[PDB]
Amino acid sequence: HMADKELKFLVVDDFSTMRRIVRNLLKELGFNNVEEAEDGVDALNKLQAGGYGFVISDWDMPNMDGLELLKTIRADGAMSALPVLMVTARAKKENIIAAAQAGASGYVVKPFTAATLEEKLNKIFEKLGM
């Protein structure tokens, strides 16, 4: 998977507004291959369907939260390497540690600017050779 226009993103958040923010930012960056999920379960359903190259995910969500989502992804043999960018209002140092240790590719705190998102994605792309 490479960071070109075809790269397929999954945007996960229990609030429409927040998904709408990320989708528009991605479009702006030239990425139009984008789907949405409303919680961790919904997300895995789409992921296991196949084809995705990048996940941007909230933390606090019903049914399955984003830390659990990330742990599940990281533990699954077929998708253990999937890039996962956490986007959350959670800023306590112990939250950041938990997500980091669980295998987050990056971590952005809400609210965030267009510049901030661009720069954290580019950081993941460079780190992973995409």
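In this text, residue numbers run from 1 along the sequence as written.
Check: Per the PDB record, is the mean Cα temperature factor higher over 54 to 62 or over 74 to 82?
Finding: Comparing averages over the C-alpha atoms only gives 74 to 82.
Item checked: Between the two ranges 118 to 126 and 102 to 110, the one averaging a larger CA B factor in the entry -> Per the PDB entry, the higher value belongs to 118 to 126.
Check: Against its chain's modelled residues, does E28's Cα B factor rank lowest, middle or highest third?
Finding: According to the entry, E28 has a C-alpha B-factor in the chain's highest third.
Next item on the list: State the tercile, meaning the lowest, middle or highest third, of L47 with respect to the CA B-factors recorded for its chain.
Entry: For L47, whose C-alpha B-factor we compare with every modelled residue in the chain, the answer is the middle third.
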